[PDB]
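Engineer: Next up is a structure, given as structure tokens.
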Amino acid sequence: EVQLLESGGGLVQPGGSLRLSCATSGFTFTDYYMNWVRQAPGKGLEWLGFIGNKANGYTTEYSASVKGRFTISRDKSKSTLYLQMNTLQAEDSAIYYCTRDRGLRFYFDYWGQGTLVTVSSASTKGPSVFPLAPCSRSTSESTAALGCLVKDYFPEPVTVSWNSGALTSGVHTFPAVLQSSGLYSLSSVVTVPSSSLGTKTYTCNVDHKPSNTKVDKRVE
Amino acid sequence: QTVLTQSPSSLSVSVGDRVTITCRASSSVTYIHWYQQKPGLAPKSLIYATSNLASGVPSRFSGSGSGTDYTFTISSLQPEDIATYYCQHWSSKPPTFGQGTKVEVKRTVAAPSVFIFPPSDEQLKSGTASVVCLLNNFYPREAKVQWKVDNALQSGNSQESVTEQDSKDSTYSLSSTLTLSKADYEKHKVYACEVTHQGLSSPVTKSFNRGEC
């Protein structure tokens, strides 16, 4: 099974440097051409460049938009691909995917899940996790909703799970909204039967790696 | 740079119906590749070399076309196919992608389940008060949420966030948040959330009285 895993993305100051890494597995690394493609938060997909297989001793190619700034390299002994980004700017803020070429300038048969890069002068702020609970259970309605409000954080992203992954049915984690303060805020909700409120426990596991903030808040 | 232009850029089609997406290259290309991007996930190879289906891709997907004009087809659309699709070429430097085509399914009208949540004690002690209103599992996504404080209609002091269509039931969910300071929050009693939606005969209102939760 082919596996591509990106890491290294985070908040970067405008005009700064950052280095992303892509660890592979499940296939012979040096036999394939490795690429880098990025996606701005709602826009399209833009190819950045590649580094050939040892059928060129690591021949590289880059798009005009990043040539001179970004540099691709690989380490055979580690089955890892790298993207050195320099002179970063606002328009470089995107999710960076390392992809695998089936052949030579063919197509991208495999993709990683991506690592988010944020080019901003703003600072890192961990979120506050507040519980979302109704005023009263109400025996009339058979279904009740609970939740957690992950407020005031920067930058993206934040991870939210319920009862350590045990509860997944009925969960709806909403996309973050950028508040007038430049800080994000999002709500993660879950619907459960009213016959459970006061019987079993409900905890939301919030992780904001950028600020090293992991919070397990109890709702009921 | 060979520019690929997709059409249409958006589609809403009933389950089992046909979806046909077009990809036009500004200059002739040898092959066109299609990727599918499901919500929250990275793009995945759907069709390569114009008409070859990647491994595991179901029979409802197909590809055709030559030179400058290409076509991607889903003969019997399913909720699991909700996503944005992209065409790609590598016949010129650099390899480009089309702008993408958003595909969503159409289902029967489903009224939203409205819930309101008062601000927590822990937050209130910090000086602010967030009041959340939830609209769960509805269709279509067109929904109107109005906040009322002591029956006074609010505006500009709230923010909405809607989820991508769910493949399990083909519905949407909406989160509305009203933010006030603790002091402003404490000088009013009735906090209400009025919801207008096609699946509701009359607007649904969910509320609570401050001090009473």
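So you can find residues: chains in the structure tokens are A, B, ... in the order shown, residues in each start at 1, and ligands are numbered from 1 in order.
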Within 9 Å of chain B, which residues of chain A show up? Give each one with its shortest atom-to-atom distance in Å (one decimal) and the two atoms involved, counting only C-alpha atoms, rows by chain then rising residue number, as CSV.
Structural biologist:
residue,atom,partner,partner_atom,distance
A:43,CA,B:99,CA,7.7
A:44,CA,B:99,CA,5.6
A:45,CA,B:97,CA,6.4
A:46,CA,B:96,CA,6.8
A:47,CA,B:95,CA,6.8
A:48,CA,B:94,CA,8.7
A:49,CA,B:94,CA,8.5
A:62,CA,B:94,CA,8.1
A:63,CA,B:94,CA,6.3
A:64,CA,B:94,CA,8.6
A:97,CA,B:42,CA,7.9
A:105,CA,B:90,CA,5.9
A:106,CA,B:90,CA,6.1
A:107,CA,B:33,CA,6.9
A:108,CA,B:45,CA,7.0
A:109,CA,B:45,CA,5.5
A:110,CA,B:44,CA,6.9
A:111,CA,B:44,CA,6.7
A:112,CA,B:42,CA,6.9
A:113,CA,B:42,CA,5.2
A:114,CA,B:42,CA,7.0
A:128,CA,B:123,CA,8.6
A:129,CA,B:123,CA,8.9
A:130,CA,B:120,CA,6.5
A:131,CA,B:120,CA,6.5
A:132,CA,B:117,CA,5.9
A:133,CA,B:117,CA,5.8
A:134,CA,B:117,CA,5.3
A:135,CA,B:213,CA,4.4
A:136,CA,B:213,CA,7.0
A:144,CA,B:115,CA,8.2
A:145,CA,B:115,CA,7.0
A:146,CA,B:117,CA,8.6
A:149,CA,B:132,CA,8.8
A:172,CA,B:173,CA,7.6
A:173,CA,B:163,CA,8.0
A:174,CA,B:163,CA,5.8
A:175,CA,B:161,CA,6.3
A:176,CA,B:161,CA,7.2
A:177,CA,B:161,CA,6.7
A:179,CA,B:159,CA,8.2
A:186,CA,B:161,CA,8.4
A:187,CA,B:175,CA,7.4
A:189,CA,B:134,CA,8.6
A:191,CA,B:136,CA,8.8
Engineer: I need the helix (DSSP H, G or I) residues of chain A per DSSP on the backbone, written as a PyMOL selection string.
Structural biologist: chain A and resi 29-31+90-92+163-165+194-196+209-211
Engineer: Could you pull out the strand (DSSP E) residues of region 17-105 of chain A, going by DSSP on the backbone, and write them as a ChimeraX atom specification?
Structural biologist: /A:18-25,34-39,45-51,60-62,71-75,80-85,94-101
Engineer: Take the selection from the previous step and output its residues with C-alpha atoms, as a PDB file, in the first residue's frame.
Structural biologist:
ATOM      1  CA  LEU A  18      10.122  26.892   5.925  1.00  0.00           C
ATOM      2  CA  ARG A  19      10.942  23.294   5.021  1.00  0.00           C
ATOM      3  CA  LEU A  20       8.289  20.616   4.412  1.00  0.00           C
ATOM      4  CA  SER A  21       8.949  16.859   4.417  1.00  0.00           C
ATOM      5  CA  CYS A  22       7.163  13.897   2.807  1.00  0.00           C
ATOM      6  CA  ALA A  23       7.862  10.442   4.231  1.00  0.00           C
ATOM      7  CA  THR A  24       6.937   7.560   1.913  1.00  0.00           C
ATOM      8  CA  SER A  25       6.362   3.794   2.293  1.00  0.00           C
ATOM      9  CA  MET A  34       8.092  12.778  -6.674  1.00  0.00           C
ATOM     10  CA  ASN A  35       6.138  16.041  -6.971  1.00  0.00           C
ATOM     11  CA  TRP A  36       4.691  18.914  -4.941  1.00  0.00           C
ATOM     12  CA  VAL A  37       1.258  20.448  -5.578  1.00  0.00           C
ATOM     13  CA  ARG A  38      -0.421  23.166  -3.462  1.00  0.00           C
ATOM     14  CA  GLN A  39      -4.001  24.293  -2.907  1.00  0.00           C
ATOM     15  CA  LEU A  45      -4.496  22.968  -7.507  1.00  0.00           C
ATOM     16  CA  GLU A  46      -1.106  24.334  -8.647  1.00  0.00           C
ATOM     17  CA  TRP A  47       1.934  22.154  -9.417  1.00  0.00           C
ATOM     18  CA  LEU A  48       5.239  23.327  -7.909  1.00  0.00           C
ATOM     19  CA  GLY A  49       7.880  20.946  -9.229  1.00  0.00           C
ATOM     20  CA  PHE A  50       9.488  17.488  -9.090  1.00  0.00           C
ATOM     21  CA  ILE A  51      12.685  15.544  -8.536  1.00  0.00           C
ATOM     22  CA  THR A  60      14.528  18.774 -10.666  1.00  0.00           C
ATOM     23  CA  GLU A  61      11.912  20.935 -12.405  1.00  0.00           C
ATOM     24  CA  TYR A  62       9.952  23.925 -11.026  1.00  0.00           C
ATOM     25  CA  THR A  71      13.937  23.859  -3.751  1.00  0.00           C
ATOM     26  CA  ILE A  72      13.061  20.167  -3.962  1.00  0.00           C
ATOM     27  CA  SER A  73      15.361  17.427  -2.726  1.00  0.00           C
ATOM     28  CA  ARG A  74      15.203  13.814  -1.590  1.00  0.00           C
ATOM     29  CA  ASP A  75      17.032  11.398   0.708  1.00  0.00           C
ATOM     30  CA  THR A  80      11.798  11.166   2.296  1.00  0.00           C
ATOM     31  CA  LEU A  81      11.121  14.123  -0.021  1.00  0.00           C
ATOM     32  CA  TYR A  82      11.712  17.791   0.956  1.00  0.00           C
ATOM     33  CA  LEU A  83      10.485  21.239  -0.034  1.00  0.00           C
ATOM     34  CA  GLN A  84      12.681  24.138   1.052  1.00  0.00           C
ATOM     35  CA  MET A  85      10.639  27.327   0.744  1.00  0.00           C
ATOM     36  CA  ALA A  94      -1.964  26.849   1.175  1.00  0.00           C
ATOM     37  CA  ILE A  95      -2.167  23.096   1.810  1.00  0.00           C
ATOM     38  CA  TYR A  96       0.902  21.430   0.327  1.00  0.00           C
ATOM     39  CA  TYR A  97       0.563  17.890  -1.057  1.00  0.00           C
ATOM     40  CA  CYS A  98       3.459  15.661  -2.018  1.00  0.00           C
ATOM     41  CA  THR A  99       2.323  13.424  -4.823  1.00  0.00           C
ATOM     42  CA  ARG A 100       3.653  10.420  -6.732  1.00  0.00           C
ATOM     43  CA  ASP A 101       4.052  10.238 -10.536  1.00  0.00           C
TER      44      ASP A 101
END
Engineer: Counting only C-alpha atoms, which residue out of A:183, A:197, A:116, A:160 sits closest to residue 138 (chain A)?
Structural biologist: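 Using only C-alpha atoms, residue 138 (chain A) sits closest to A:197.
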Engineer: Set the distance at 10 Å and use only C-alpha atoms: which residues neighbour residue 209 (chain A) once local chain neighbours fewer than 6 positions away are removed? I'd like the list as a short mmCIF file (atom, residue, chain, number, x, y, z; two decimals) with C-alpha atoms, in the first residue's frame.
Structural biologist:
data_model
loop_
_atom_site.label_atom_id
_atom_site.label_comp_id
_atom_site.auth_asym_id
_atom_site.auth_seq_id
_atom_site.Cartn_x
_atom_site.Cartn_y
_atom_site.Cartn_z
CA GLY A 10 2.88 25.94 10.13
CA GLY A 126 -4.26 28.50 21.61
CA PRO A 155 -3.51 29.61 13.01
CA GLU A 156 -5.43 26.70 11.53
CA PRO A 157 -5.99 23.86 11.99
CA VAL A 158 -7.72 22.30 14.99
CA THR A 159 -8.70 18.64 15.51
#
Engineer: CA of residue 125 (chain A) and CA of residue 124 (chain B) are how many Å apart?
Structural biologist: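 According to the coordinates, CA of residue 125 (chain A) and CA of residue 124 (chain B) are separated by 19.7 Å.
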Engineer: Can you tell me which residues surround residue 108 (chain B) at a distance of at most 10 Å, considering only C-alpha atoms, apart from same-chain residues fewer than 6 positions away, and format the answer as a list in words?
Structural biologist: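 Once the adjacent positions are removed, what remains is residues 14, 138, 139, 140, 170, 171 and 199 of chain B.
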Engineer: Output the selection as a PDB file, in the first residue's frame - N, CA and C atoms for each residue.
Structural biologist:
ATOM      1  N   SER B  14     -29.929  14.816  -9.306  1.00  0.00           N
ATOM      2  CA  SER B  14     -30.581  13.770  -8.512  1.00  0.00           C
ATOM      3  C   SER B  14     -29.794  12.469  -8.550  1.00  0.00           C
ATOM      4  N   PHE B 138     -30.500  19.207   7.181  1.00  0.00           N
ATOM      5  CA  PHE B 138     -31.559  19.740   6.336  1.00  0.00           C
ATOM      6  C   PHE B 138     -31.159  19.793   4.863  1.00  0.00           C
ATOM      7  N   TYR B 139     -32.158  19.995   4.013  1.00  0.00           N
ATOM      8  CA  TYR B 139     -31.973  20.114   2.576  1.00  0.00           C
ATOM      9  C   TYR B 139     -33.217  20.805   2.011  1.00  0.00           C
ATOM     10  N   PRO B 140     -33.041  21.790   1.107  1.00  0.00           N
ATOM     11  CA  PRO B 140     -31.793  22.345   0.552  1.00  0.00           C
ATOM     12  C   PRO B 140     -30.953  23.131   1.556  1.00  0.00           C
ATOM     13  N   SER B 170     -27.224  13.037   2.529  1.00  0.00           N
ATOM     14  CA  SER B 170     -27.300  14.128   1.553  1.00  0.00           C
ATOM     15  C   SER B 170     -27.829  15.454   2.100  1.00  0.00           C
ATOM     16  N   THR B 171     -27.543  15.744   3.363  1.00  0.00           N
ATOM     17  CA  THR B 171     -28.019  16.972   4.003  1.00  0.00           C
ATOM     18  C   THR B 171     -26.881  17.909   4.400  1.00  0.00           C
ATOM     19  N   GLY B 199     -38.544  23.289   4.319  1.00  0.00           N
ATOM     20  CA  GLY B 199     -39.182  22.154   4.962  1.00  0.00           C
ATOM     21  C   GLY B 199     -39.998  22.499   6.202  1.00  0.00           C
TER      22      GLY B 199
END
Engineer: With only C-alpha atoms as the atoms that count, which of B:133, B:74, B:204, B:4 lies nearest to residue 179 (chain B)?
Structural biologist: B:133
Engineer: Record the distance separating CA of residue 167 (chain B) and CA of residue 65 (chain B), expressed in Å with one decimal.
Structural biologist: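 About the pair CA of residue 167 (chain B) and CA of residue 65 (chain B): they are 29.4 Å apart.
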